[PDB]
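The next block holds one structure in the form of structure tokens; read it before the comments.
No Cβ is skipped: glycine too gets one built from the backbone with ideal geometry, and neighbour counts run over all protein chains shown. What is reported rests on the model, the rules as stated and the sources as named; nothing here is a laboratory result.
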Protein chains: 4
Amino acid sequence: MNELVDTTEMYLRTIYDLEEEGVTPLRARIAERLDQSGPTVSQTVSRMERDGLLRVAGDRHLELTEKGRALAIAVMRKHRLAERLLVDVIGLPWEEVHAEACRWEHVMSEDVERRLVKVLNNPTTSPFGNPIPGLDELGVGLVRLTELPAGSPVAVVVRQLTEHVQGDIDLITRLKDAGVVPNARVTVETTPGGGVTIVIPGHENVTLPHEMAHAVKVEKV
Amino acid sequence: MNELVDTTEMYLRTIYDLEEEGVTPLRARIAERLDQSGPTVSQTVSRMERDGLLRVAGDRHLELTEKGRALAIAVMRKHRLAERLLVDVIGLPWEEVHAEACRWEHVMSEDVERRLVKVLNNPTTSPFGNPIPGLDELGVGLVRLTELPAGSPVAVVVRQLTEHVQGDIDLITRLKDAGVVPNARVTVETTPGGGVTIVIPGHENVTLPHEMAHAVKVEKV
Amino acid sequence: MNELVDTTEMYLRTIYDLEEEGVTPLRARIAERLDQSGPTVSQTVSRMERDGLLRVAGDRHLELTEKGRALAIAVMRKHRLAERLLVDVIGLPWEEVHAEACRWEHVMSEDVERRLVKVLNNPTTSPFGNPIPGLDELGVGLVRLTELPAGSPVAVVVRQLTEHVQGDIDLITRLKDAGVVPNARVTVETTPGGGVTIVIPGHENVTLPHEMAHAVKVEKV
Amino acid sequence: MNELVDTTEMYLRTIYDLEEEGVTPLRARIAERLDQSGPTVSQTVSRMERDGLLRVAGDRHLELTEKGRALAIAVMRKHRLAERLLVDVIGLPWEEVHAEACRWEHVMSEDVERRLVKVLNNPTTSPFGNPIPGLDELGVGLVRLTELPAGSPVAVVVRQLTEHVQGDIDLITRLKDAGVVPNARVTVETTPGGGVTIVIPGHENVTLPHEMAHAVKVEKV
DNA sequence: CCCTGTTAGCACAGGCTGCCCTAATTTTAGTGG
DNA sequence: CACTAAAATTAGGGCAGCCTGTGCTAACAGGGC
Ligand SMILES: [Co+2]
Ligand SMILES: [Co+2]
Ligand SMILES: [Co+2]
Ligand SMILES: [Co+2]
Ligand SMILES: [Co+2]
Ligand SMILES: [Co+2]
Ligand SMILES: [Co+2]
Ligand SMILES: [Co+2]
Ligand SMILES: [Co+2]
Ligand SMILES: [Co+2]
Ligand SMILES: [Co+2]
Ligand SMILES: [Co+2]
Ligand code: NA
Ligand code: NA
Ligand code: NA
Ligand code: NA
């Protein structure tokens, strides 16, 4: 059928994910993350620009238009409501719902959404801690590991694991094994290479590269 | 993204659907049902034949190969397990689950399938009475209105409403309103034009064309 | 490329030719003259009716609409101006120009038409005697052998040989050999089978079937 | 009927035209010139290759087969004999004959060709200077502006204006106004962008892009 | 029968858009010699 | 200022999926002689 299921939507959500991670939305990013060639992401963006879903600014960063953002949210909303349903009701293992939802997010009707809201008791986040956007236009409804000073370790409590980390399954798995998940006290220390090392009381240590770090939100506590 | 989500799968399932209805699997049929041009379905079938999913026989009827059938079933299975999940758990309205499932059927993993089996207590049919196929290769596990003699009406109990009828949403709705659903005593009489008229005690009458009739199974009772 | 070069135009021009011959414009006719199956001419007529070029009446005879006739004339005009150019200037043999122009009639620009008018000195007929139509909307500008009483022969002077006769090349050739051409005194007598026999002083006799006869205009003289 | 009148022939002639201009015959070229999509030209070339009219070489350039070239010439021959007839006899204005012939080239019989030879006194070129090919198979019968060294202007005499230039009507018009036509002394100098500037004694200057330049043959004199 | 159409299924030529790829180049911004 | 890593562009294609125009055959339907 199609790897991504829906190219445009996956481009939009990748744009969004990058913003959520606090990194500059460049075309080069999309290529890395969706594993497509440079020429491809460029030609694809065009079609998208030509359809008023986004604009390539002066510095070349991607800017979502009024329309483009509305949709991007829409997809992200379904995505997370799905991960909820998969973990809570369906009972699918944690380190597997993201990849499943990354597909469902492109077919869930807006109706099934609403009904899922009522069946999960007006949830507000995903099994990974990220908030469910666009909940009201549907009809209802803290730092980043990179923003942590180096030097001496720090005690914090894991609050969010944005989609990007959810991507590397090998890692999202290790993190579960070492308990690094929402509402989990743990200490982190800035590595030499802009990275971050997580010290979990009881389990082996786990180090995240600068990029992966941009995708973990914690609370200084 | 794509109307059908996945063309090939929908062509396979339509082949299957026709068999289930007991009508000969011609390319002309697929074109009607998927609303595509003759040339389109032809060219698409070829690609399919070229990948050994089906063969066009001498009389030109479509025959699913060993491989093709296995996949066709896999789809039909996800389809029905989903309609189950949509009606029972999610709580989505009856005359709406089919259209929703027609899309989910192309993205549900085999894993989510199995778990849905346990969550629904090893169901064996869909909210419309059709059996869930390939349940064992997964890892677990009466007449047709056309075959009804003409003349005087006959009391029967609606047992199945195959996917074809679920298709015409306007009709599947009327049928719900008139109560014509699984385990429902009603009488049927053969119309002049090979059609069939259903007399529901209490609600307006409802007449089905010969084609739609091929898609309703009942039990002489 | 295409036998007819342009299906639609040839259908229009055949309708026109039929009128010119005084026979009823039925779809059956077009099928015979363009050598195409019944189903083909029908479906093609629909496309034409759907584009308002003609209408199928109550008796089923074909009626050219305002638009359809304007175009029809336009083609006939090019066809005849071309036959002129082919015989007078190019110098292509008589019994061959018709077939050539039947193709040129579908590519001659309206401009080349006007200039051909000046190069041939405002002609008004074809090498076969038929009048060049629509000459003013461009920008410038007697009985039928069937309508002849039977019994005793009649002296007449050949005035026109409509396209239909130009069609049968074997016949249009014999007619040339027997001198039966425009401005030629000859006698004709009605045969038993609604046909007609032409008596040419000097050459063998030549008999035309009722149909071919509908395509020859003469002057009682 | 059809924009090109005859796809295959136009493709063949475009291959020829490209060779005549000294540029590599790529599918991408055809697409540009006949204004059709990439996929279209590709699929069409296949039908052509499948019928042994051409072959796509290793470097992907198009090679006309024995048969393919014969036909190609045939079309080019008609095309030019026609431009001759249009200008000399019909009297159609210069910057208009090419477009007309581009259509007549697909319907002129081999007989009408021969006869046009005799009517134009065995011509050997077109009103633009290009030689009339395949004249013997019928039955009868210097540098390129890009190959000109840069630096100081050069006096040359325009000898040919290949079809490609005849295409851009706006340009072929200007060239007439500035007298740049066969047997015309004029000077040309290489522009920075691989282009070429023609200096006509008396009329405004005229600059041709690198591509157009590939389409003009002259004689160093 | 003969003369006219209709109904149902397909074929092949011609055209198109959305997505994706590789081989080169080019364009951006910094970076030390 | 040459040099570069990083990010894009330029060039020429590939395959999946959709369309309309034109043509044909087998079979069947109706009216009138
Ligand atoms: Co996720
Ligand atoms: Co996705
Ligand atoms: Co950073
Ligand atoms: Co269903
Ligand atoms: Co489906
Ligand atoms: Co039946
Ligand atoms: Co004629
Ligand atoms: Co014609
Ligand atoms: Co008559
Ligand atoms: Co020309
Ligand atoms: Co042409
Ligand atoms: Co060049
Ligand atoms: Na890829
Ligand atoms: Na369609
Ligand atoms: Na035919
Ligand atoms: Na085009």
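Applying the condition of being of a type in the set (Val, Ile, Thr) and within 17 Å of C:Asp168 (Cβ to Cβ) to segment C:198-221 and asking which residue is surrounded by the most Cβ atoms within 10 Å (Cβ to Cβ) yields C:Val216. Within segment B:204-221, residues that are closer than 15 Å to B:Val156 by Cα and away from ligand 10 (no atom under 16 Å from the Cβ) have Cβ atoms under 7 Å from residues that are of a type in the set (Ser, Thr, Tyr) and in a helix (DSSP H, G or I) in these pairs: B:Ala213/B:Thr146, counting only partners at least 6 apart in sequence or on another chain.
Residue-level check: of (1) within 25 Å of B:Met1 (Cα to Cα); (2) not in a helix (DSSP H, G or I), A:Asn121 misses just (1).
Just for segment B:32-61: of the residues that are polar (S, T, N, Q) and in contact with a helix residue (DSSP H, G or I) (Cβ under 9 Å, 6 or more places away or on another chain), which one is nearest to ligand 7 (Cβ to nearest atom)? Steps first, please.
So the first thing to find is which residues in segment B:32-61 are polar (S, T, N, Q), and the list is B:36-37, B:40, B:42-44, B:46.
In the following step, the residues that additionally are in contact with a helix residue (DSSP H, G or I) (Cβ under 9 Å, 6 or more places away or on another chain) were identified as B:36-37, B:40, B:42, B:44.
On the way: B:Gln36: 43, B:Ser37: 38, B:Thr40: 41, B:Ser42: 39, B:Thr44: 45 Å.
Restricting to residues being polar (S, T, N, Q) and in contact with a helix residue (DSSP H, G or I) (Cβ under 9 Å, 6 or more places away or on another chain), the top hit is B:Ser37.
For every residue, the table says whether it meets (1) within 16 Å of ligand 11 (Cβ to nearest atom); (2) among the hydroxyl-bearing types (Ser, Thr, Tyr); (3) closer than 22 Å to C:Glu105 by Cα.
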{"residue": "D:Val97", "(1), (2), (3)": "yes, no, yes"}
{"residue": "D:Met108", "(1), (2), (3)": "yes, no, yes"}
{"residue": "D:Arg115", "(1), (2), (3)": "no, no, yes"}
{"residue": "D:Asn122", "(1), (2), (3)": "no, no, no"}
{"residue": "D:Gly129", "(1), (2), (3)": "no, no, no"}
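Annotation note: of A:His98, A:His79, A:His106, A:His164, the sole residue that is in the same structural domain as A:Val218 (by CATH) and either under 26 Å from B:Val119 (Cβ atoms) or touching an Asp or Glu at 6+ places or on another chain (Cβ under 7 Å) (or both) is A:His164.
If only one of B:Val186, B:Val181 is assigned to a loop (DSSP other than H, G, I, E, B), more than 16 Å from ligand 13 (Cβ to nearest atom) and touching a strand residue (DSSP E or B) at 6+ places or on another chain (Cβ under 7 Å), which one is it?
Values: B:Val186 fails: assigned to a loop (DSSP other than H, G, I, E, B).
Matching residue, one of B:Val186, B:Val181: B:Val181.
Note on segment B:125-156: residues that are over 15 Å from the mean Cα position of the chain (by Cα) and either farther than 20 Å from B:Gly22 by Cβ or within 16 Å of ligand 4 (Cβ to nearest atom) (or both) total 12. Of the helices (runs of 4 or more DSSP H) lying entirely inside segment A:33-109, those containing at least 1 residues that are within 14 Å of chain B (Cβ to nearest Cβ), crowded, with 18+ Cβ neighbours inside 10 Å and among the charged types (D, E, K, R) are A:66-85, A:94-104. Out of curiosity, is A:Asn183 at positive phi, away from ligand 7 (no atom under 16 Å from the Cβ) and not aromatic (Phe, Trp, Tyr)? For A:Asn183, the condition - at positive phi, away from ligand 7 (no atom under 16 Å from the Cβ) and not aromatic (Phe, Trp, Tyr) - is met.
Do we find a residue being out of contact with any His (no Cβ under 8 Å at 6 or more places or on another chain), over 27 Å from D:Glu9 (Cβ atoms) and β-branched (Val, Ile, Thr) anywhere in segment D:104-121? Among the residues of segment D:104-121, not one is out of contact with any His (no Cβ under 8 Å at 6 or more places or on another chain), over 27 Å from D:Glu9 (Cβ atoms) and β-branched (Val, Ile, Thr), which makes the answer no. Looking at segment B:2-32 only, could you name the residues that are in a loop (DSSP other than H, G, I, E, B) and within 14 Å of another protein chain (Cβ to nearest Cβ)? Within segment B:2-32, B:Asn2, B:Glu3, B:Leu4, B:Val5, B:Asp6 meet the criteria.
Considering segment B:23-62 alone, what residues qualify as being charged (D, E, K, R) and either within 16 Å of ligand 12 (Cβ to nearest atom) or within 27 Å of B:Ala213 (Cα to Cα) (or both)?
Residues of segment B:23-62 charged (D, E, K, R): B:27, B:29, B:32-33, B:35, B:47, B:49-51, B:55, B:59-60.
Hits for segment B:23-62 are B:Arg27, B:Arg29, B:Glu32, B:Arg33, B:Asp35, B:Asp59, B:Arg60.
Taking the criterion of being not acidic (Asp, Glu) and not in a loop (DSSP other than H, G, I, E, B), the residues of segment A:135-163 that qualify are A:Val143, A:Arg144, A:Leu145, A:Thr146, A:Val154, A:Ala155, A:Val156, A:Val157, A:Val158, A:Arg159, A:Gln160, A:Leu161.
Look at D:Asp170 and say whether it is among the acidic types (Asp, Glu), away from ligand 9 (no atom under 16 Å from the Cβ) and in contact with a helix residue (DSSP H, G or I) (Cβ under 8 Å, 6 or more places away or on another chain).
Numbers: among the acidic types (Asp, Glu): yes; away from ligand 9 (no atom under 16 Å from the Cβ): yes; in contact with a helix residue (DSSP H, G or I) (Cβ under 8 Å, 6 or more places away or on another chain): no.
No: the conditions fail for D:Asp170.
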